[PDB]
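Chemist: here's my sequence, what's the structure:
(chains A, B and C, ligands or ions: 12)
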Amino acid sequence: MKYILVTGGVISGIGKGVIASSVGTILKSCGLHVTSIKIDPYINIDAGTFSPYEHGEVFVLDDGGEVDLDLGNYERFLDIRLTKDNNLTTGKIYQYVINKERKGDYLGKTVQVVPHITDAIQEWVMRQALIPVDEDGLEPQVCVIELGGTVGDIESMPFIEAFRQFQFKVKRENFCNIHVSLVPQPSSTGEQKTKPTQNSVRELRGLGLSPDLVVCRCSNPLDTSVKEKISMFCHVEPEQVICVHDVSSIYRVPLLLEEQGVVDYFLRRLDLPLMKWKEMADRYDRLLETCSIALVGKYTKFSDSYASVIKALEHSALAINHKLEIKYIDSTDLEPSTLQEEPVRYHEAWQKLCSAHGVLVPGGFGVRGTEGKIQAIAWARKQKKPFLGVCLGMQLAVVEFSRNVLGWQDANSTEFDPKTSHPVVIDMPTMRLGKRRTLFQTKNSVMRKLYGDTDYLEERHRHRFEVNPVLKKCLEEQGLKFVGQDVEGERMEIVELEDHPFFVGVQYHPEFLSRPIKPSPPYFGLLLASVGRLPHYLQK
Amino acid sequence: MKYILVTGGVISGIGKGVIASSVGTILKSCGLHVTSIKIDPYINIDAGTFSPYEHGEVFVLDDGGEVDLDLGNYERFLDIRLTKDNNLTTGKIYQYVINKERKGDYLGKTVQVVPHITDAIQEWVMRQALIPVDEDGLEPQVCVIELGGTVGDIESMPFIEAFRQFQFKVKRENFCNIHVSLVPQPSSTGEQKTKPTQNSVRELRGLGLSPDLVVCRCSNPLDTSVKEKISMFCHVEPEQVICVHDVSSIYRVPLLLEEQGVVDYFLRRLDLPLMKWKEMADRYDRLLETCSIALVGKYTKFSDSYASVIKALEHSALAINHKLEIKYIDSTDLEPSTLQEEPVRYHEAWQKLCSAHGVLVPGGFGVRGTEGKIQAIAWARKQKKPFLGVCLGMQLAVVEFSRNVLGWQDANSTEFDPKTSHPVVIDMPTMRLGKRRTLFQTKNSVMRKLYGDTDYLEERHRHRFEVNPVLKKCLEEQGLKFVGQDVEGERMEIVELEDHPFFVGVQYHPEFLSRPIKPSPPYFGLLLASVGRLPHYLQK
Amino acid sequence: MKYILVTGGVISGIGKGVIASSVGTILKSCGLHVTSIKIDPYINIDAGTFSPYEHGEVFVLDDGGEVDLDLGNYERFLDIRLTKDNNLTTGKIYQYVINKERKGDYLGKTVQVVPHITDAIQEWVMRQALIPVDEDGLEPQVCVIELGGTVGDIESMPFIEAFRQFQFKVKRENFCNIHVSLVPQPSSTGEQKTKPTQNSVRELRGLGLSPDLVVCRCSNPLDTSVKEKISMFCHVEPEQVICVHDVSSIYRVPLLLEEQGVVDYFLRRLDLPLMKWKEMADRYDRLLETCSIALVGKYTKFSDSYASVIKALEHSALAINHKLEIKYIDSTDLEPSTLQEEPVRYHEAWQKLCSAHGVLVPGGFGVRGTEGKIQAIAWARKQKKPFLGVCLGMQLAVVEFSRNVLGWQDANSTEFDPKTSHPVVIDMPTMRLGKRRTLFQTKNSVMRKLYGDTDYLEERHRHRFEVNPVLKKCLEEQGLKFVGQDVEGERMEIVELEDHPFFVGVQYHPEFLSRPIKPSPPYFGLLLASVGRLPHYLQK
Ligand SMILES: CCOc1cncc(-c2ccc(C(=O)NC3(c4csc(NS(=O)(=O)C5CC5)n4)CC3)nc2)n1
Ligand SMILES: CCOc1cncc(-c2ccc(C(=O)NC3(c4csc(NS(=O)(=O)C5CC5)n4)CC3)nc2)n1
Ligand SMILES: CCOc1cncc(-c2ccc(C(=O)NC3(c4csc(NS(=O)(=O)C5CC5)n4)CC3)nc2)n1
Ligand SMILES: O=c1ccn([C@@H]2O[C@H](COP(=O)(O)OP(=O)(O)OP(=O)(O)O)[C@@H](O)[C@H]2O)c(=O)[nH]1
Ligand SMILES: O=c1ccn([C@@H]2O[C@H](COP(=O)(O)OP(=O)(O)OP(=O)(O)O)[C@@H](O)[C@H]2O)c(=O)[nH]1
Ligand SMILES: O=c1ccn([C@@H]2O[C@H](COP(=O)(O)OP(=O)(O)OP(=O)(O)O)[C@@H](O)[C@H]2O)c(=O)[nH]1
Ligand SMILES: NC(=O)CC[C@H](N)C(=O)O
Ligand SMILES: NC(=O)CC[C@H](N)C(=O)O
Ligand SMILES: NC(=O)CC[C@H](N)C(=O)O
Ligand SMILES: [Mg+2]
Ligand SMILES: [Mg+2]
Ligand SMILES: [Mg+2]
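Modeler: Residues are numbered from 1 along each chain as shown, chains lettered A, B, ... in the order given. Ligands and ions are numbered 1, 2, ... in the order given. Take a look at the structure below.
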C-alpha cells in the first residue's frame, strides 16, 4: 500500500479536499485503485451531531455513515463507495483505545497518547486502506489521507506524530506528505506572501514530517521569485512547489496539478508503473444557453450547507449543455412574517422564485423556513414550474397538496405540528439512514424512465419522518401518485403529481449518488423540464 | 474555593505527591478544610487495569475507586476520605465529553479540545473541589490539584491549557501554581544544575502558567548562587525558590516547607486568615529498639508495589517505639524450583525469613510466588512466628492450613488450581471492592480487642475470591476460627488460629485506613506480637 | 514613560507601520508627547546597504541615519524628528554587546542572549524613549515600539523575550502590547478566517506576551461571529478586538481606531489623563479636478521604492485640491534598446510620459534607466512640461542640458561614464548624508519664493556625486542658474532653468520633510505648475 498524507497549513477551506481528490483522480488515471481517508481531528464520532452551518452538509454513505463533505468529494472524483471508518476522528480513536483499555487488552500497562493512540491511528489507516471501496471489489494500491484542520491545531498533534512514526514503519517509497498552504496577496503591497507557508512548513518539520510537495493556494499564478523563496525557506526543490491558482472550473484543477508534474513526482517517488476532465472544462467554458433553479433552502446562510445538492444541479446543467443560475433563497424570506417585518427581502426572494425556471426544495430538520418551502411548492404546483422536493421537500409537498386539494388547512408533519388533526407526515423509525432499496410501482412514472426503466432503485436515505399510510389513499385519490415505495410497502419513497411537467418528491438524497458522467436522475429531470426538453428526452 | 496546582517539571518520582500532601497538611494546620485532586494524564479510566509494577500499588477508596497511590498520600497526610472523581484522567474526561456529544448536549457544534475538553477539566475540578472529603462533612476551602507526569508530556497539554484559562475564570487570589522540579548534582563537576529547572519553567510559561513557587528537588541543600540563578533564569523572587532536600524522615518534609515560608506565601497569596510532625520526627530519629518483619511479596521487584503496606508497618513500628527492618523477600525465591535453579537466592530468602520476628504476606493476583507465600505461612505457623496474611495471604493461609491439618495436599484457590478436589477458596462475586462492614462473631478474638472491642468493623476490600462456606466447618473444627464475617454471613473476612501468639488472616486491606496517629490494628498487633508485647497490650 | 509594543502576526505589509503611527497620532491628539522606535530584527546595522526593492525606500534622518520607511511614517503622522537609534536592529544590539564584552564590561561572566542581549534591548528602549524627538524639545510620555517581522520569526525571539521581562521591570500601567494580525477572507468559502490570528496569538503567549488589543487586518468589516470567535480563541474581550478594514484614504485609519475605542482603551490602561484627519479625508473623497505626474523611476518594479516621494506628491495634490494620477514609468522602457527589443512597452511608457502634465525624475544609484531619465528630462525641457529632478534627476538634468545646449554628447556623471571628456557631475565626498544647510543665491528664484522667501534652507541629503565647479559657468552661461548652493559654495544644491514654467533640480530629498499640512515646496511647485496655477500662487 502507498500512502499520501495531505496536511493543511494556514487555514481550512483552501480547497485541500479537492486537491486530495485531484491527487487521487490523477493516480486513478495512472491505472491505480485509489482509496481515501479523511481525518477530522474533532472529538465528534460522526457528522450526525452537526448542523449544515458547522462544516457544510452532512454527507451520507451506503452504510449510514453521516460524514464530512470531503468524503463526497472523494466519491465524486474517484467513483468509489466509502464506509464510516474512512472518516477517522479523535472521538473514534480515543473511544476505541478506552474500550480496549477497559477490556484489559493493553495488559495492565499505562495507556498513553504515544504509543497507544498513535499506534491506533496507524492500525486504523492500514486496516482501512486495504478495504475495497472501488465497485470493482479490488484492494486499493494508493490511500490518500487528508488531515483536516491545520498542522498547528492541538487536535492534529497525535495524527502528525502517528504519521511521523508511520514514515519509518512503512518505507519512504510507500509514504509521501503533501502540504496545502495559503499564500496571501495583500492589496497594500501587491506581493505574494511566503511567510505563513514557511512558518507552517517549519511547524510541520518540528512535528517530524517534511513536505514532499508544498501546494500553494494562491489566487493568481505564483511569481518566480516567490516560488524561489518558497524553495529556499521551505527547504524543498522548485519541482516540489506547486501553485494551485484560480481557474475557470473545478475540472481544471487536476489538469493544473498534472501540468506541474505532480503525476510524474508521485510515479517516481511512490515507485509506481484526464481527457474527460479536459472536455468537461472545455464544454463548461463554452456554455451559452442558461437555466435557473430556485434553491429554497433553510440553511442558505452558508452555501456549503447544500454542497452536493449544488454539485448535482451543476452535473445536470452541464449534462444538458446549459449554464446554471442557482437562485439561493433563504426560505424564511418567503414566510409572511417577513412581509410585515422586512418586506424588501420578502419581495426580493419572491422575485427570485418567480424568475426561476425550476424550483428545488432541499432537505432539512426543524421548523424554521418550512412554511416558506410550502409557499414555494404552492407557487410551483399552481404555476406548473418544474419541482424537485428532496426529503423534507417531499414531506412538505404532500402537506402543501393536502392543505389545498383536501382543504386540510391544519396539516403538517408531526415534527413541526404534532397537535394537528391531519398528521400527513408521521415519525416512522431510529433514522432510516444509508442505502435501502425502493421499488417502482408504475411503468408510466417519469422517474422510472429517468432511472433507466429499472424495477428497483437503491438510494441513500437520512429520515425519521414518512408519509402517513392511513392518509395515503386520500392524497392518491386526488391525482398524487406514490410511484416509489420501500420493499415493505409501508414507506412512500417517491411521489409524482399528475397534470404537471415535473412535480416530483423523492424521500431520499439523490445528490450523494450524482457524478459528472452520471447526473442524479431527479436533478437531471428537473433541469430537462426547466428547459422544456423532458418530453423530447422521454420520447427518445 | 482556593486552588493550588502542583505541576511536575523534569521527572516523576521526585516526591511531588508528598510535596502536594505537605502543602495540604500545612494549610490544614492553618485551620483550613483541604481537599485534593490527582490528575493522571493517562487514558486509563482507573488504576484497576494496572499491575503494582506500573505506578506502584492500586490504592482503594471507600466507593471502590481503584486509584493512584498519591490519593493514599492525600488521605494519610490530610485525614480525608476521597472518591473516584478525585482521581481525574484523560480517559474520564474524553469519555465524559464523547458521551455528552453523543447525547447532543454540545448542540451540533464541533467539539474540540479547546474549549470543550479544557472546559470539562475546569467543570470537574470546580465540581469535585466543593465535595466534603473531610469526615467533618464541611465544604473544602483549598483544593490542591497535583498534575501527574511532566509539563512537557503531550498528555499534560490540555490540563495545563485548562489551568491557563482557569487562572482568569477563577481570580489570582484563588489560583496558585507550584512547580516541582529536579536539580541534578553530578559527581563530575559537583555543581547543582539549574538548567533542567529553567527549561521546565520556560516550557510551563510557554503553556501560559507562571510558577508562583518553584520547588527544587535537590539531594543536598541549595547553594546560594544556584538559588540566585534559579531566581534569575526562572524569573521569580528568591522567596519563591524552595529546596526540598533529603531529610531524616517524611515527618521533616512539612517542617522544611514551613521553614522556607511556604505557609506565609500561601496565606498571603491566597488571601487566607505542625508539632505532631515535629514529635513524630524527633521520636523516629531516637529509635534504638528494632523489630524485623518478613514481607513475602509477589511484586517485591519494585518497592512501591506495597507502598501503603510498608507505610502501615512503619506507623505501627513508630507507635510501638521501635525501628523497623522490613525484609523484602521475592516469594518466587522461596519456591522449590529456585532451590534447583538458583539455590543462592533460595537460601538468602530463607535466611531473611528465618531471621524475621514477624511474617507479612501481602495481597496479589496470579499464580507466581503463591507457593512461596504458602511456604512462608507454613514456617510462620510451625515456628509460631507472628503472622499477618492480607487478602491473598488470608486465602493462602486457609489453603496452607488445610494442606497440613486436613491433609488436603491438592488444596488451593480456584484462581490457581481450578481442577483441585479441595477448592477451599472459591470465586464469590464482580470484585468485592471498596468499603463494606464486617461483623465480629466472638468477644475472645484478638482482632476484636485490637479494633477497640467494637461489634463491627468497616474496612476496604478488593477481592473476587472468598473462603468456601462448605469447607468452613472442616477448617474451623481444627482450631481455625473465622472471627470476622460479612453482614450476610456468607463471606469469611477475618480468621484467627488457636495456639499461636498472632496468626491472623484479614480478607480486606487494613493498610488503606492506616494513619501515623492511628496504625491499622492488624499491622499493629503483628508489630506488638513480634516484640512479645501483645499480651501486655491486651492485658492493659 | 508609557510603552506600547506593536507586534506583527501572520505577515509583514498589513499596514502595521500605519497602525503604530495611527496609535501614536491618536495619543498625540490626547495631548501626549509621543516618540516611536522601530525594531527591525535583521542583522543589517542600517538600511544604507539595501536596494529600494528589499523593504521599500531608504528613508533618511537629520543625523544621516539611513533607516526603514516606517520611521518616515512616524515622522509624517507625529511631526517628530528621529535619530539612528530609533531604528533598533539585531546588528546594532549584537555589535553593542560584543564591543562591551571585548572592553571587559561584563566582568568575565558568560555573555548570553538572556540576559545580556535582552537587557541591552531594554536599556536601548528606555534610553531612546527619553530622547526629545518632538521639535518642542520636551521628554516623551509614550513610546510606541513597532516590532517588525512576525512573532514566529527566529530573529524576533530575543525582542519578544526582552519585552516579556520588560512588562515586569516596567509596570502593567506602563506597558501594553498590540498584535496586528491578518484575517484572510478566501473566495472559496467567503468566511473571514480567525485561524492564523489565534495561532499567532498562541505563539505570542508561548513567548510570554498577551495581546492587550488584537488588531485584525481585514479587507471587509469584521463579522460579529468572527469577532466573537477571536475573543474566544485569542482569549480577550470583544472590546480588545479591532478590525482595521479597507477605507477610502489613509486619513480614515486613525478615525477607524478612534471609533473602536482604542483611544479610551489606552487612556484607561496606561493611566493617562482628529478633526484635521476628518477634513483631509472629507476633502480627499470630494476631489474632482485631476493632475497627472510622470514618475520616471529606476525602481518602479515595486511601488514602495518611491514611498515618501509618492506621499509628497499626494500631500501636494491634496493641498492644491486636485486628485492625482501618478504615471509610474520604468525608465528602462524609455531607453532606445527597448524600442528594438520590445517596442510595445517603449510606446506605452512614452504614451504615459507624453500624457502627463508634469515630470518627476526621482533619485537612484547605478546606470540602469539613467538614459531613460535623460530622455524624459529632454522631453520635459523641450515641450516645457513642469519638471522636478530629485538628486539623480538634478544631476542627469545638468547632464541632459549640457548634451544639448553645450553639444557635449559624451557628457555624463563620473558614476556612469568615468571615461567621459565632460564629467559635468563628479564624486565630491563619504556620502553627504543627513541634514545640511543650503543658501539661496538669488531673490528671483522660484524655489526661494516657494520656500517662504527664506535666505537659507535645511534639507536632507544622500549623495556622493555633485555638479562639477569647473563646468558650472559653462552651464550657467546658457540660462541655467544654480540658485541654491552649500555654505562652502562648492556644492550646487538647487538648479533652475530660464524660459520654462518650472524646471527645477534639487540635489537633496524634499520628500522626507513633506507633511500633509506642509507639502514639500519642490513637489508643491511641480503640482501648481502642472495645473498652471504657479504664476497665480507666486503673484499672491
Ligand atoms: C484547490 C482548488 O483550487 C481551485 C481553484 N480554482 C477554482 C476552484 C474551484 C473549486 C470548486 C468549484 C466547484 O465546486 N464547482 C462546481 C462543481 C461542479 S462538479 C463539482 N465537483 S464534483 O462533483 O466533485 C466533480 C469534480 C468531480 N463542482 C460548480 C459547483 N469550482 C472551482 N478550485
Ligand atoms: C519531596 C520529598 O522529599 C523528601 C526528602 N527527604 C526524605 C523524603 C522521604 C520520602 C518518603 C519517605 C517514606 O515513605 N517514609 C516512610 C513513611 C512512614 S509514614 C509515611 N507516609 S505517610 O503514611 O503518608 C505519613 C506522613 C503522613 N512514610 C517510612 C516509609 N521518607 C522520606 N522525602
Ligand atoms: C492598516 C492600514 O489599513 C488601511 C486600510 N485602508 C486603507 C489604508 C491605506 C494605506 C496607505 C495609504 C496611502 O499610502 N495613501 C497615500 C498617502 C497620502 S499621505 C500618506 N501618508 S502620510 O504621509 O504618512 C500622512 C498620513 C500622515 N499616504 C496616497 C499615498 N492609503 C490607504 N490602510
Ligand atoms: O477539514 C476539516 C476537518 C476538521 N476540522 C476541525 O474543525 C475545527 C475548527 O477548525 P477551523 O480551521 O475551521 O478553525 P476555527 O473555526 O477556529 O477558525 P476559522 O474557521 O475562523 O479560520 C478543528 O477541530 C479542526 O481540526 C477542520 O477545520 N477542517
Ligand atoms: O560546553 C559548553 C559551552 C558553552 N556553554 C554555554 O554556557 C552558558 C550556560 O550554559 P549551562 O548549561 O552552564 O547553564 P546555566 O549556567 O544557566 O545552568 P547550570 O550550570 O546551573 O545547570 C550558555 O550560553 C551555554 O550555551 C555551556 O554551557 N557549555
Ligand atoms: O517591518 C519589518 C522589519 C523587518 N523585517 C524583516 O525582514 C525579513 C523578512 O521578513 P518578511 O516578513 O518580509 O518575510 P519573507 O520575505 O521571508 O516572506 P514574504 O515577504 O514573501 O511573506 C526578516 O528578517 C524580518 O524580521 C520585516 O519583515 N519587516
Ligand atoms: N434529510 C432530511 O431532509 C430530513 C427530513 C425530516 N426532518 C426527517 O427527519 O425525515
Ligand atoms: N487484593 C488481593 O490481594 C487479591 C486476592 C485474590 N486474587 C482475589 O481476587 O481475591
Ligand atoms: N540619492 C540619490 O538619488 C543618489 C544620486 C547619486 N547616485 C549620488 O550618489 O549622488
Ligand atoms: Mg472554522
Ligand atoms: Mg552553568
Ligand atoms: Mg518579505
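Chemist: so how far is the helix or strand hosting residue A:227 off the chain centroid?
Modeler: Per DSSP states H and E: residue A:227 is located in helix A:224-233. Here helix A:224-233 shows a centroid-to-chain-centroid distance of 35 Å under the convention Cα atoms, centre = their mean, to the nearest Å.
Chemist: right, is that helix up against chain C?
Modeler: No: judged by Cβ under 8 Å from any Cβ of the partner chain, helix A:224-233 and chain C are separated, with a smallest distance of 10.0 Å. Heads up, the C-betas are built off the backbone N, CA and C, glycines and all.
Chemist: which stretches in the stretch 351-500 of chain A count as helices?
Modeler: A:370-382, A:392-405, A:446-450, A:472-477 (DSSP state H, counting those that start in this stretch).
Chemist: send me stretch A:28-48 as CSV with only the CA atoms.
Modeler: C-alpha atoms of stretch A:28-48 as CSV (Å, rounded to 0.1, in the frame of the first residue of the first chain):
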residue,chain,number,x,y,z
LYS,A,28,-6.6,6.7,-10.8
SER,A,29,-5.9,8.0,-14.4
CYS,A,30,-2.4,6.3,-13.9
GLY,A,31,-4.4,3.0,-13.6
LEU,A,32,-4.2,2.7,-9.8
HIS,A,33,-7.1,1.6,-7.5
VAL,A,34,-7.2,4.6,-5.1
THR,A,35,-8.9,4.8,-1.7
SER,A,36,-9.1,7.8,0.7
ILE,A,37,-9.4,8.5,4.4
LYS,A,38,-10.5,11.8,5.9
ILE,A,39,-9.1,12.5,9.4
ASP,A,40,-11.3,15.1,11.2
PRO,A,41,-9.4,16.0,14.5
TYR,A,42,-12.7,16.8,16.2
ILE,A,43,-14.0,14.8,19.2
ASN,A,44,-17.3,14.1,17.4
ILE,A,45,-17.7,10.4,16.4
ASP,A,46,-19.6,11.3,13.2
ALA,A,47,-21.1,14.4,11.5
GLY,A,48,-24.6,13.4,12.5
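Chemist: which residues are in contact with the helix holding residue A:227?
Modeler: Residues outside helix A:224-233 that contact it (Cβ atoms under 8 Å, 6 or more residues apart in numbering or on different chains): A:183, A:191-192, A:194, A:197-198, A:214, A:216, A:222, A:236-238, A:240-241, A:243.
Chemist: buried set for that helix?
Modeler: A:226, A:227, A:229, A:230, A:231 (16 or more other Cβ atoms under 10 Å in any protein chain shown).
Chemist: closest to residue A:493 among these?
Modeler: Proximity of those to residue A:493 (Cβ to Cβ) peaks at residue A:230, which lies at 52.6 Å.
Chemist: so how far is residue B:49 from the closest one?
Modeler: For residue A:230, the distance to residue B:49 equals 49 Å [Cβ to Cβ, to the nearest Å].
Chemist: residues near the nearest residue to residue A:481 once chain neighbours are set aside, how many?
Modeler: Nearest residue to residue A:481 in three dimensions, chain neighbours excluded: residue A:496, at 5.0 Å (Cβ to Cβ, 6 or more residues apart in numbering or on different chains). Per other Cβ atoms under 10 Å in any protein chain shown, the neighbour tally for residue A:496 reads 21.
Chemist: for residue A:446, same thing?
Modeler: Neighbours of residue A:446 (other Cβ under 10 Å): 24.
Chemist: quickly find the element holding the residue in chain A that ligand 9 sits nearest to.
Modeler: Residue of chain A nearest ligand 9, by Cβ to the nearest ligand atom: residue A:189 (22.8 Å). Under the criterion DSSP H and E, no helix or strand holds residue A:189.
Chemist: and for residue A:282?
Modeler: helix A:275-284.
Chemist: right, and the helix or strand after that helix?
Modeler: Taking DSSP H and E, what comes next after helix A:275-284 is strand A:290-297.
Chemist: tell me which of the helices of the stretch 351-500 of chain A sits most buried.
Modeler: Of these, the one with the most neighbours on average (mean count of other Cβ atoms under 10 Å in any protein chain shown) is helix A:392-405, at a mean of 25.
Chemist: pop the domain breakdown of chain A in here.
Modeler: Following curated CATH domains, one finds the domains of chain A at A:2-281, A:283-539.
Chemist: does any bit of the last one sit next to ligand 1?
Modeler: Yes: under the criterion of Cβ under 6 Å from any ligand atom, domain A:283-539 makes contact with ligand 1 via A:310, A:311, A:314, A:315, A:516.
Chemist: and the residue lying closest to residue A:263 once chain neighbours are set aside, how close does it get to residue A:248?
Modeler: Closest residue to residue A:263 in three dimensions, ignoring its sequence neighbours and counting by Cβ to Cβ, 6+ apart: residue A:26, at 5.5 Å. Relative to residue A:248, residue A:26 is positioned 19 Å away (Cβ to Cβ).
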